[PDB]
Q: 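Just dropping this structure here.
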Protein chains: 2
Amino acid sequence: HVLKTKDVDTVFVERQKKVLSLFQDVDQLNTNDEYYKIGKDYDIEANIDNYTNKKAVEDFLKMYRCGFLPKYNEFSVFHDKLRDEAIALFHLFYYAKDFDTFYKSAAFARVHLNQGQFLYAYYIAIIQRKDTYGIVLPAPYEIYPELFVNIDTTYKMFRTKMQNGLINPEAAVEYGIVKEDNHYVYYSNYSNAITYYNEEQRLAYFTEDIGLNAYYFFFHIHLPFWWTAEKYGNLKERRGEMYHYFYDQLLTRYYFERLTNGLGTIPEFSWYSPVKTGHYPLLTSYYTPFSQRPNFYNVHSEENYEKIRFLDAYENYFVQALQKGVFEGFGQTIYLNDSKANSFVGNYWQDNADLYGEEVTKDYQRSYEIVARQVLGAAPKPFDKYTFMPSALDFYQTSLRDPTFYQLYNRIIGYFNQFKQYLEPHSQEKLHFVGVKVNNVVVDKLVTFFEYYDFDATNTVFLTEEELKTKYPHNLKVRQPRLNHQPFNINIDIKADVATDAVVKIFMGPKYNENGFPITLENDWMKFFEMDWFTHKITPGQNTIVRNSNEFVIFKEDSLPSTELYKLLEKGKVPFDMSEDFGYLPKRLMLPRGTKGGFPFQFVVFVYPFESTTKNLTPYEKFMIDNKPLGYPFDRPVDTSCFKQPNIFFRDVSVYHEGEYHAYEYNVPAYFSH
Amino acid sequence: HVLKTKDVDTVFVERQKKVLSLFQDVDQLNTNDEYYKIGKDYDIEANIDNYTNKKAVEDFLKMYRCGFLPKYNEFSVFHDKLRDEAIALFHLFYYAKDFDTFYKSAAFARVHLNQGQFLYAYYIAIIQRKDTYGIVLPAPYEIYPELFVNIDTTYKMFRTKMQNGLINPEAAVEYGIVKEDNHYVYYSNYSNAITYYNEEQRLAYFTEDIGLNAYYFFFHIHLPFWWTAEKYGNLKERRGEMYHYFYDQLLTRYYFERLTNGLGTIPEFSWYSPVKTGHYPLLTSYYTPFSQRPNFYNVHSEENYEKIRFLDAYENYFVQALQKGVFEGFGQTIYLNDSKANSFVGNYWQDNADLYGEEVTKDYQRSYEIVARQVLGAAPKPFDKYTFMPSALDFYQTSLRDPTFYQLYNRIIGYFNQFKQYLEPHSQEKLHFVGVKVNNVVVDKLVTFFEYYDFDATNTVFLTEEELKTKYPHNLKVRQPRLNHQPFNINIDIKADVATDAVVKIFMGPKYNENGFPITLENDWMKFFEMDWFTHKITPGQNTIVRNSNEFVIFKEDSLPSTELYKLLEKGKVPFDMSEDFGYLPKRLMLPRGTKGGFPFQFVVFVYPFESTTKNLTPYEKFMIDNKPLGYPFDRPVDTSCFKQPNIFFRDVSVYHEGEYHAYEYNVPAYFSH
Ligand SMILES: *[C@@H]1O[C@H](CO)[C@@H](O[C@@H]2O[C@H](CO)[C@@H](O[C@@H]3O[C@H](CO[C@H]4O[C@H](CO[C@H]5O[C@H](CO)[C@@H](O)[C@H](O)[C@@H]5O[C@H]5O[C@H](CO)[C@@H](O)[C@H](O)[C@@H]5O)[C@@H](O)[C@H](O[C@H]5O[C@H](CO)[C@@H](O)[C@H](O)[C@@H]5O[C@H]5O[C@H](CO)[C@@H](O)[C@H](O)[C@@H]5O)[C@@H]4O)[C@@H](O)[C@H](O[C@H]4O[C@H](CO)[C@@H](O)[C@H](O)[C@@H]4O[C@H]4O[C@H](CO)[C@@H](O)[C@H](O)[C@@H]4O[C@H]4O[C@H](CO)[C@@H](O)[C@H](O[C@H]5O[C@H](CO)[C@@H](O)[C@H](O)[C@H]5O)[C@@H]4O)[C@@H]3O)[C@H](O)[C@H]2NC(C)=O)[C@H](O)[C@H]1NC(C)=O
Ligand SMILES: *[C@@H]1O[C@H](CO)[C@@H](O[C@@H]2O[C@H](CO)[C@@H](O[C@@H]3O[C@H](CO[C@H]4O[C@H](CO[C@H]5O[C@H](CO)[C@@H](O)[C@H](O)[C@@H]5O[C@H]5O[C@H](CO)[C@@H](O)[C@H](O)[C@@H]5O)[C@@H](O)[C@H](O[C@H]5O[C@H](CO)[C@@H](O)[C@H](O)[C@@H]5O[C@H]5O[C@H](CO)[C@@H](O)[C@H](O)[C@@H]5O)[C@@H]4O)[C@@H](O)[C@H](O[C@H]4O[C@H](CO)[C@@H](O)[C@H](O)[C@@H]4O[C@H]4O[C@H](CO)[C@@H](O)[C@H](O)[C@@H]4O[C@H]4O[C@H](CO)[C@@H](O)[C@H](O[C@H]5O[C@H](CO)[C@@H](O)[C@H](O)[C@H]5O)[C@@H]4O)[C@@H]3O)[C@H](O)[C@H]2NC(C)=O)[C@H](O)[C@H]1NC(C)=O
Ligand SMILES: *[C@@H]1O[C@H](CO)[C@@H](O[C@@H]2O[C@H](CO)[C@@H](O)[C@H](O)[C@H]2NC(C)=O)[C@H](O)[C@H]1NC(C)=O
Ligand SMILES: *[C@@H]1O[C@H](CO)[C@@H](O[C@@H]2O[C@H](CO)[C@@H](O)[C@H](O)[C@H]2NC(C)=O)[C@H](O)[C@H]1NC(C)=O
C-alpha cells in the first residue's frame, strides 16, 4: 500500500516551508527563529498599502489598539469577542496582497497574539487565500494535542519533560511510557478505559478518534459558519444543501457505530427535562478543567430559562413555517417548493452569514447552534469576555466527543428531514435508467480491527531556552490503537442495451431498525451512507465493474507528521490527499466496528445517466462533480413503489471484527511489552 | 434421547386417573362425567368424621355458607377474600382422612366453586397430601392456557371453535392456523413479534417461555407463602435460605439473558419516581383486559401514597436493623450472627407464616410483596372483594412476564445480599480440600437454538352439549419455538493424594460485568448459577469425571401432555421427572440464548469433602442432599484472596447460537409451510 503523491514547484515548496515554520512549538515563542524578528517589528500601519482592503485592516488596527485575548487563555470561536477578534485577524491575513505580506502578518500575529486565536485564523487563511491553494496543513491533533488526548497521557509527557527523560525506563513501561529510537512513545487509552459513567462510553474508540475529530475541525475551517460562501461561487446557492449532506452523513455513520454496539437510535431530548446522557471531558485548559455534564443533568434551571425560550422559539418558527407552507422573514417570503428553499433551511439552522446576505455575521444575530452548545455544555456562565470554562462543545476539534453533539444535530436534521417530505419526491421514472440494469453485486468480506497509530505530540511540552537554540525535537509520540478495516472489492454486474456515460454510486445502509426488524425505505431513506461516486462508460451488453474500497472517492488517507512532510518536500512532492482532500473522512473509518459474529448491513449500488455538471461544487469538495442534489437518490423520500428500479441493487453484507474487540487491550503493558 | 420412566402400582394408577379426571375442560361442567354426580350431592357436614381436623371443616362450612367467589370471575391469591376462601378449600382437601374423601371433596369443589379457585387449592393439595405423593401434575400451561398464550392465538382458537373447523384451510395457514392429523395447530408468537414498546421486549422469548413461567407457579404451590413449612420438617428452620437461593438463582439466570442481549444489570427503581420499564400484558380475563403499565409510569400518585409509605417503612426497618446489628420485633431479638438470622430475613421479606410462628397468614399481616405487586401492576383499585382488573403480577404463572418482577425481587435480594456481608465469610481454610486438586476442566461447545414445542391448549375452548357426551377432544395444539441447547460434556481432571468421598459442584458465572470489564468475586459472588451437584468417590492419583448436561441434577425434562400421561399409565408407568422433580427448571433453559459470534461466560467447578447430611432438604427438593448452605460456596462473600484454592477451577466458555436468532422467524408462514 503506497500513498499517492503529487508534484509541486519551487515556489510552492518555499511557501510550504514558511507556513510550517509557524506551526512549531506553538504554545511558546522562539526568539532564535527568523519569524520572531520579522513579526516583532512588523508595522501593519506602515504597510497598509500591501492589503487589498484598507477598511478591514483599519478595523483590525482599531480593534488591536484596544487589546486582544491574552496569551495562554482558551480560545473558542463560539464566544463573541474572541470570534470578532479572530475574524478581524482573518481579514488581515486574507487581504494581504501577496504571500510575503501574508507571512509577515502571520509572524506578527504569532508573536503578539493568543496562540489558539492565531492558529485558528492562520489555519483558515491558508485554506482561503488563493496563493496558498494546495498548501498542506499539519494534522490538527499535532497542533492541538491538548484537545486530542486525555490528561492522563498529557501528564505523563509533562512528567517526562520535567524529569528531562526517563529516570527508571523499566518502571515507566508499566504506565505505557516506552522509549523507541530517540522518541518517547505514550500509549494512550480512550476514556472508556478509565471511567465508565454511562453506556455511551462503549463508543469512545470512535467518538474520541483523532481522525474523526480532526474531520469536524476541517469541515469548519473549510467554510466557517460566520463567513459567506461567496469565494466558492456555486456553493453559495447550494450551501444549505451541503449543510444537510454533511450532518446527515455524519449522523448516519455515527448511527451505524451505535447499531453494532447495541445502542439504538440517536436519543431525543427536551429543553424542559433532564438531559440523560452526561459527558466528562478528560481535558483541561491552562486555567481550568473542562466543564462536566453529569447524567440526567437538570438543564432547565434559572441560568438557562431565557436561552431555552430562545431555542424553543427558534424551533417553533420552523415548525410553524412547515405548517403554513412558507418561510417568512430575513427579507423574503419563500414557499416550501421554492428553488432556494433547501438552501434557506440549511442556512437558517446554522444561522450563517449567507442567511443574511452579508460577508460576516454580527454579534446580535443570535445562533441556535451556539446557544444550544452553551446550555448542553453545562458550563457556568463566563467569568468575563476573555475567561470561560470550556466544554467539549466549545471546539470543533472536540465536539464529536460529546454524546449531546449528535443529539443536537440529529434534532436539527430531524427538522430538515421533516421539511424534505413537503418537497416533490423522486418519481420512479426519473430514477429509472432505460437500458441499464444491475444484475448482481458481490461484496468481499468486510472486516474491522484495531491497529496502532502514532502522531507527534511534542507541542504538548515546553522547550528549554537551550533547546530553542537547536532544531525542534519532534521527540514525543502518542500511540493509540485506531479503528481500521481490510480493503475490500465490490463487483458490479451490469446488463446494458445501449452505450452511454453513466454515474454509479455506492451506499451503505442498515438492514434492520434498532429493534431488529426490517428497514423501510419510507422511513429510513435518510439512513444511507454515501461511500462512492464515479463516472463510467457503459458498453452495450455485459459490463463488469470492480471498485476497491481504497478507491472510494469519499475518503482520504491518514495525515503524515510534519517531519515526513519535510522529507517529502525535498523530493518536490506533497501527499495527494493531504493537499486536495484534507476535508474527507479518513478511509480507515468508513466501516463501523463489526462484531465477532458479523453485524448486518446492506450495500446498494445505483447507476444513473451522466449529464449536467454546470453547478458542481468541485472548488469545495472534489467528488461533487454533478448537478444532482447531494446524497442523490437518498437526499429526500422517494415515491413509494414496491417494485425496485432495475438500475439499483441491494446486497446484504456482514461486518466482522478481528483481533481484540476492545481497543484498550492493545495498550495493556503485558501485551505491548510482548 | 429416551425419557426416564418410573414404575407405579395399581393403587397409584387408579388415583392418578382420578386426579386427572378433574383437570379436564376445567372452565365447564360435564354433567355426564362421574365427578359431577359425586360432587353435586356430596354432603361435607354429614361426612365431617372423615377429616382429621374438624375445626378446619367447620370453618370452611361457615365460610362457604356466606358465599365464595362466583364462577368465571378471575381468581388471584394476592387478594384477601380470594386467598382466605382458597386456604379454607385447601384445608378441606388436606385434612380428608383418605384419598377417597379427598376426591369427593375435590369433586364437590369442582362442581360448586370458581374454576380458578378450585384448580388452585387442588394443585396444592395434590402436592401436600401424603397419599398423593408422586402423583403427576398436568402442565400448568395446559390447565391455564389463557394465562400462557397471548390473545391473538386464543382468538384464533375461538374462531375455529365457533366455525366448528376451518372454513378455508388454505387461507388459515397465512394466520398460523394449520391442521395436522386430527389436531388444529396454532403457531404462537411471543409479544415482541407484535408490539415493541421498550427494549425489554427483546427478551420476550425468555420471559414468556411457558416452561419458565410454569416453573414459578410450581415454586409457589410447592410451598405457598401463606403456609407454614412445618410439613417439611427441616425446611422450616432453613426456609429463609431456600427463599434466597430460589430468587438469587432465578435473578442470576435472568441476568445472563440480559447480558447476551446487551441489556445490562437488572434496573433499579424508586417508589417516588416514574417507573421506567412498562409492560403490556396481551392477556385477558373473562370480564376485562389485564391492566397495562406504560413506560415511565407515574407510580407516586394519590392512589399509592399510603401504600408507598408502607413499602418505604418496610425497607427502613430492614436497613436500620442491619445498621444496629439486630432484628427486633416479631416476638424476638435476633443479632445478625444468630443462627436464626438467615431464615428471619427471608421470612421477613416474604412476610410468610413462619415469620409469625403460625400455620397460615392472617389478613392484617401486611405483605411487602403483595403491596409492591399491587402498585407495580398499575391496576386501578378493585371494584369490590370479588372483582378486580388483573395484572401479570397477580399470578405466579404470569409474573415472570413483567420486567418489574425481576426489579422487585432484585431489590429484595439486594437487601438479602447486603445482610450477608455482615456474616462470617468462608475462610480460605474451610474452602480448601487438602489433597484434592482440579488440574483441568474442559467444556464442549455451548450452542443454543430454537425448537418447536407443542402443548394441548384445548381448555381455551368450550365444548358443545353433544361433545360433552363423548370423550374430550384434546383437539387444539399450540406450537411455539422455544429456547434449547445442544447437550455438552464437562471433563474434570482431578489429582488426589488419598481416597475420599467428595462432593463436586458446577457453576456458570459471567466473565465480564455489564461494561465488558472483568468480573470481581468480591462484588459478583452472587452471580453464579448453580448447575450441578453430585457426590463422587476420589481414588489416589489421577481421576477423570465426565458429566453430561443431561445429567445435571438441577434440571428436568419437559412435561408431557395429559393424553400421553394416560398411555404411559396403561403400562403402569409415569415420567420420572414430572413425578418427583416437577419443581426443577426445564433443562432446555439452563443456557441463555447465545450470540452468533459467541458470548463470554465461565464455568467453575468446586469440589469439597462429602460429610454431614443431617439437616438436608430432600423431602422438598431431591438435589439438596447436604448440610452446606444452599448455593455453597457462593451463598455469601468469601474472604477475599488473590490466590485460587486448588480444589476450584474456572474455565472460560462461549455460548453460541445456531439457526435463526429471532424465535418469531420460525412462525413466519412462508417458513413453516416450507
Ligand atoms: C488574580 O485575579 C485577579 C482578578 O481577576 C487578576 O486581576 C486582573 O489582572 C489582569 C491581568 O494583569 C488585569 O488586566 C490587565 O490590566 C493591565 C492594566 O490596565 C490598565 O492599564 C492599561 C494600560 O494603560 C496605558 O496604555 C493605555 C493605552 O492602551 C493608555 O490609555 C493609558 O493612559 C496608559 O498609558 C501608558 O501606556 C504605556 C504603559 O502601558 C506607556 O506607553 C506609558 O506609560 C503610557 O502613559 C489600560 O489600557 C487599561 O485600560 C482599561 O481600564 C481603564 C480603567 O481602569 C479603562 O478606562 C480603559 O478603557 C480600559 O478599560 C476596559 O474597557 C472595557 C470596560 O468597559 C473592557 O474592555 C475592559 O474592562 C478594559 O480593561 C487600564 O487602565 C493591562 O495593561 C493588561 O493588558 C494586557 O492584557 C489584555 C488582556 O487581559 C490585552 O488585551 C492587552 O493588549 C494587554 O496584553 C498584553 O499582556 C498580556 C498579559 O497580561 C499578554 O498575554 C499579551 O500578549 C500582551 O503582551 C504585551 O504586553 C505585556 C505587558 O502589558 C508585555 O509583558 C508583553 O511582552 C512580552 O511579550 C512580547 C511578545 O508579545 C515579547 O516581545 C516581550 O519580550 C515579552 O516581554 C507584550 O508586550 C490587562 O488588561 C485586570 O485589570 C485585573 N482585574 C482586576 C479586577 O483587577 C490577576 O491578574 C490574577 N493574578 C494571577 C497571578 O492570576
Ligand atoms: C351489571 O352490573 C351490576 C352492578 O355491578 C350487577 O349487579 C350485581 O349483580 C350481582 C350478581 O347477580 C348481585 O349479587 C348477587 O345477589 C344475589 C341476590 O342477593 C340477595 O339474595 C341472597 C340470597 O338470599 C336468600 O338466601 C339467604 C341465605 O343464604 C337468606 O338469608 C335470604 O333470606 C334468602 O332466602 C330466601 O331465598 C332462597 C333462595 O336463594 C330460598 O332458600 C328461599 O326463597 C329463602 O326464603 C342474599 O344472600 C343476599 O344478601 C346479601 O346482601 C344483603 C343486602 O342486600 C346483606 O344484608 C347480607 O349480609 C348478604 O351479604 C352481604 O354481606 C356484605 C354486606 O356488608 C357484603 O359481602 C355483600 O354486600 C353481601 O351481599 C341478597 O339478599 C345473590 O344470591 C348472589 O349470590 C351468588 O353470587 C355470590 C358471588 O357474587 C356467591 O358468593 C353466592 O354464593 C352466589 O353464588 C351463586 O351464583 C353465582 C352466580 O351469580 C355462581 O357463580 C355460583 O356458583 C353460585 O351458583 C349457585 O347459585 C345460583 C343462584 O344464585 C344458581 O343459578 C347456580 O346454579 C347452578 O348450580 C350448579 C352448578 O354449580 C348446577 O348443578 C345447577 O344446575 C346450575 O343451575 C348455583 O346453584 C349474588 O351475591 C349484586 O347484588 C348486584 N349488585 C348490585 C349493586 O345490585 C349485574 O349483575 C350486572 N349485570 C350483568 C349482566 O353483568
Ligand atoms: C436596516 O436593515 C437592512 C436589512 O435588514 C440593512 O441592510 C443590509 O446592510 C448590509 C450591510 O451591513 C448589507 O450587506 C445587506 O445586503 C443589507 N440587506 C438589506 C436587505 O438591505 C441596513 O444596513 C439596516 N440599516 C442600517 C442603517 O444599517
Ligand atoms: C398478644 O400478642 C402476643 C404476641 O403476638 C401473643 O403471644 C403469643 O401467644 C402464642 C399463643 O398462641 C404463642 O405461641 C407465642 O409464642 C406468643 N408470642 C409471644 C411473643 O409471646 C399473645 O397470645 C396475645 N395475647 C392474646 C390475649 O391474644
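Each chain gets a letter, A, B and so on, in the order the sequences are listed, and its residues count up from 1. Indexing begins at 1, ligand by ligand and atom by atom, following the structure's order.
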Q: A:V326 and A:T333: which non-hydrogen atoms are nearest, and at how many Å?
A: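 Taking A:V326 first and A:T333 second, the nearest heavy atoms are CG2-CG2, 3.3 Å.
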
Q: Tell me whether atom 82 (C) of ligand 1 lies less than 4.0 Å from at least one protein heavy-atom position.
A: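 Flag for atom 82 (C) of ligand 1 set to true, protein heavy atom closer than 4.0 Å.
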
Q: Should A:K469 and A:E466 count as an ion pair when the cut-off is N to O under 4.0 Å?
A: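 Yes, this pair counts.
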
Q: Are a donor atom and an acceptor atom from the side chains of A:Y472 and A:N30 found within less than 3.5 Å of each other?
A: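 Per modelled atom types, A:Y472 and A:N30 side chains form a pair under 3.5 Å.
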
Q: If you have a sec, work out which protein heavy atom is nearest atom 96 (O) of ligand 1 and how many Å separate them, to one decimal?
A: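 It is A:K71 N, 2.9 Å.
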
Q: Counting heavy atoms only, which of A:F383, A:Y36, A:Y386 comes nearest to atom 115 (C) of ligand 1?
A: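 Comparing heavy atoms across A:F383, A:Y36, A:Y386, the nearest one to atom 115 (C) of ligand 1 lies in A:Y36.
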
Q: Taking the six-membered ring for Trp, are the ring centroids of A:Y415 and A:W349 within less than 6.0 Å of each other?
A: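 Here the rings of A:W349 and A:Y415 have centres that are less than 6.0 Å from each other.
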
Q: Do A:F310 and A:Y368 have their ring centres less than 6.0 Å from each other?
A: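 No - the distance between ring centres of A:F310 and A:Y368 does not fall below the 6.0 Å cut-off.
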
Q: I need the contact type for A:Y72 against ligand 1. Using non-hydrogen atoms and a strict under-4.0 Å cut-off, is it side chain, backbone, both or neither?
A: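 Neither part.
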
Q: Could you check atom 29 (O) of ligand 1 against the protein and tell me its nearest heavy-atom contact, residue, atom and distance included?
A: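 Its nearest protein heavy-atom neighbour is A:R65 O, 4.5 Å.
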
Q: Could you tell me which atoms of ligand 1, counted from 1 in the order shown, lie closer than 4.0 angstrom to a heavy atom of A:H112?
A: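 Near A:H112, the atoms of ligand 1 are 98 (O), 114 (O).
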
Q: Is the shortest distance from atom 7 (O) of ligand 3 to a protein heavy atom below 4.0 Å?
A: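 No, because not a single protein heavy atom sits under 4.0 Å from atom 7 (O) of ligand 3.
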
Q: Protein heavy atom under 4.0 angstrom of atom 20 (C) of ligand 4, is there one?
A: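 It does; a protein heavy atom is within 4.0 Å.
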
Q: Scan the protein's non-hydrogen atoms and note whether one is under 4.0 Å from atom 124 (O) of ligand 1.
A: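 Under 4.0 Å from atom 124 (O) of ligand 1, zero protein heavy atoms found.
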
Q: I need the minimum non-hydrogen distance between A:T361 and A:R83, along with the two atoms involved.
A: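 Closest pair (atom of A:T361, atom of A:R83, distance): OG1-NE, 4.4 Å.
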
Q: Would you mind checking which non-hydrogen protein atom is closest to atom 93 (C) of ligand 1, with the distance to 0.1 Å?
A: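 Of the protein heavy atoms, A:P70 CB, 4.5 Å lies nearest.
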
Q: Any non-hydrogen protein atom below 4.0 Å of atom 46 (O) of ligand 1?
A: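 There is no protein heavy atom less than 4.0 Å from atom 46 (O) of ligand 1.
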
Q: Is there a donor-acceptor contact under 3.5 Å linking the side chains of A:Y120 and A:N114?
A: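 Checked: A:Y120/A:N114 side chains show no N/O donor-acceptor pair below 3.5 Å.
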
Q: Hey, are A:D27 and A:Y72 close enough side-chain-wise for a donor-acceptor pair under 3.5 Å?
A: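 Distance-only check fails for A:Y72 and A:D27.
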
Q: In terms of residue, atom name and distance, what is the protein heavy atom nearest to atom 18 (N) of ligand 3?
A: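 Of the protein heavy atoms, A:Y356 O, 4.9 Å lies nearest.
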
Q: Thinking salt bridges, do A:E467 and A:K161 make one under a 4.0 Å N-O criterion?
A: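 Looking at A:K161 together with A:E467, the answer is yes, because their closest N to O distance falls below 4.0 Å.
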
Q: Might you check, step by step, whether the distance between atom 49 (C) of ligand 1 and some protein heavy atom is under 4.0 Å?
A: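 There is no protein heavy atom less than 4.0 Å from atom 49 (C) of ligand 1.
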
Q: Relative to the heavy atoms of A:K385, which atoms of ligand 1 are at a distance of less than 4.0 Å?
A: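 Once the distances to A:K385 are compared, the set is 68 (O).
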
Q: When you measure from the centre of the six-membered ring of A:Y396, is the NZ or CZ of A:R373 under 6.0 Å away and within 45° of the axis?
A: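 Output yes; distance and angle both within limits.
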
Q: Of all the non-hydrogen atoms in the protein, which one sits nearest to atom 15 (C) of ligand 3, and at what distance?
A: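 In this structure, atom 15 (C) of ligand 3 has A:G357 O, 3.8 Å as its nearest protein heavy atom.
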
Q: At a 4.0 Å threshold, what atoms of ligand 1 neighbour a non-hydrogen atom of A:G67?
A: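 Those of ligand 1 that fall under 4.0 Å from A:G67 are 85 (O), 87 (O).
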
Q: Does the protein put any heavy atom within less than 4.0 Å of atom 55 (O) of ligand 1?
A: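 Not a single protein heavy atom is under 4.0 Å away.
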
Q: Can the ring centres of A:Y123 and A:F23 be said to be less than 6.0 Å apart?
A: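 Yes, close enough.
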
Q: Ignoring hydrogens, just give me the one of A:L69, A:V111, A:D384, A:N114 whose non-hydrogen atom is nearest atom 114 (O) of ligand 1.
A: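 That would be A:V111.
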
Q: Using a 4.0 Å cut-off to any heavy atom of B:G331, which atoms of ligand 4 qualify?
A: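 The atoms of ligand 4 under 4.0 Å from a heavy atom of B:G331 are 20 (C).
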
Q: Any chance the rings of A:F217 and A:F395 have centres within less than 6.0 Å?
A: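 A:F217 vs A:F395: aromatic centres not under 6.0 Å.
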
Q: Give the residue, atom name and distance (to 0.1 Å) of the protein heavy atom nearest atom 84 (C) of ligand 1.
A: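 Checked against all protein heavy atoms, atom 84 (C) of ligand 1 sits closest to A:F68 O, 3.3 Å.
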
